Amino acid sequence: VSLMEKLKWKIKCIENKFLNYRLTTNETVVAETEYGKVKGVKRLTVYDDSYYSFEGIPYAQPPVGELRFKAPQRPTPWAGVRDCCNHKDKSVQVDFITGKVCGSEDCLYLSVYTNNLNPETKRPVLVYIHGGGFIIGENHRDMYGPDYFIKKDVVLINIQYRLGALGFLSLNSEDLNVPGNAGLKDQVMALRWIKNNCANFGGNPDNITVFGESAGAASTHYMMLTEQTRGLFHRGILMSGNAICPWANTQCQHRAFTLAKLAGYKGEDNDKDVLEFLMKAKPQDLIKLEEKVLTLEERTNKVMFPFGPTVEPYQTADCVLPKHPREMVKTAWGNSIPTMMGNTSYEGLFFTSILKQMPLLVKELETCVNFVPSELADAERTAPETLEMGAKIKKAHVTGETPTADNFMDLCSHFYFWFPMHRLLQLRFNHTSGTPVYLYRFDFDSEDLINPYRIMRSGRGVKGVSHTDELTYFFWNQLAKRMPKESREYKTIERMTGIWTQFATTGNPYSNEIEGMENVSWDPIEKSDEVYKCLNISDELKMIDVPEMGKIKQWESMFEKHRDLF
């Protein structure tokens, strides 16, 4: 975090405020909801388009006081008209630029957008779930502006949900009603709201697509796995993530005590007293301290976050994750809806800024033992089996006699994204009606149009297509500009919003009306396939064999003598 990047962020925040006002119109409107009337307004885009905007729609009771760490409750209906011409605050979190805690405990809202409140036909409804490691993110239009998607005749909905310890505290004690996954339960309630109210905004409740990137993709997957959401939607898109990625879940039940102690709790480790203390702490204190919870051992074993989605220790009415996601894949209703998955062509490039602050990490590639899947590794990672397995990973990613930064980031692409995708695909194939899954590979590189995550990963001057690089061609953000109609950036926006809208509509991502798809034949993956095929999205759109396949198989070989765990 550099203060050049902070003042420039501050000014760009000042520019966004002014530009947001300028793009507002006097055309206010009112829609019905099952909780009562809401007022939206129409807004403009830098491409001189327009959309109706409804923000700050509550799908839940504000989870403050006694509701903190609890499952969300249905909100209270109102007489009259709720104001929805302004956004609400984001979930309490550390601002990844300024480094200070921001946002609010009062954050359970969604936003609805559409270019036409009164469409002649019922429209496809796309529900976006933002990523951010389940610890940062927002549905604010400064990061996720609908300006591109509203060029299309869809209804787009952006949700928030509780982040970090406030979203994912978990306690073993059944008396306390904090089993965990509050934030995922937030997601479930927002979906239930969407199913029952999208018609009011011109949306077809029988054609809803959920999609998300990173932790949003893992989230989308959880919404496809849990029985809580059965039938609530009809297509799913997992962008650079799913629920069996190693970062997408953790058993965090022991960590609440550690948080409390970091916050000055005095007493013993029992769930009741830990909870009573955590209930009274300022929310900003728990979030700022969240960074210190993980032990050095956990960090070494690649646990990324102290609080996240978890296997709930006991069952409740609102339980989302009754067992490990791999098990949930066995019985998952979501296995039988049209699915599209994909990754970018150099995911691990995202880890530059972290590698820069911790150069020693590259030495981990000398044996690679710390990247062996945890379920296979011994605790000390000194077992000869673990050294053998680490050697397989090393052979896959270390190019010379000494490991480099790029070898590290390439390995990261597979550890965090490609290999879990592979495991999910093969697992899913053993438990599905036969509905298609399509693979894309996002391979479009540009520095002419960016999003704020590039400022976070310090990918300025850096070639390749990182984790989150594709967000730029889906959503408006306050660093974006109006691009020339014939620019490669503008055309990629059209293709990406076009493919996504196409799949949402029909469950098949192909359309010959999308420019560049003239010679594309986009077939979904079959159980019998030994080599994955994917739509490689670059300046050219091209069906190719997944380049990463060789390394994927090499990761898979670690499981040769433990096939039951694959």
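In this text, residue numbers run from 1 along the sequence as written.
If you average the C-alpha B-factors over 281-289 and over 459-467, the higher value belongs to 459-467. Stretches compared: 502-510, 27-35. Higher mean C-alpha B-factor in the entry: 27-35. Reading the B-factor column for the CA atoms of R454, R381, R162, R495 in the entry, the top value corresponds to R454. The PDB entry gives the largest Cα B-factor of the residues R255, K302, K100, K394 to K100.
Looking at the C-alpha B-factors along this chain, the one for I544 belongs to the lowest third.
Among the modelled residues of the chain, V81 sits in the highest third by CA temperature factor in this PDB entry.
Remark: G203 belongs to the highest third of its chain, ranked by C-alpha B-factor as recorded. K195 sits in the highest third of its chain by CA B factor, as recorded in the PDB entry. For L360, the recorded CA B-factor ranks within the highest third of the chain. Only modelled residues enter the ranking.
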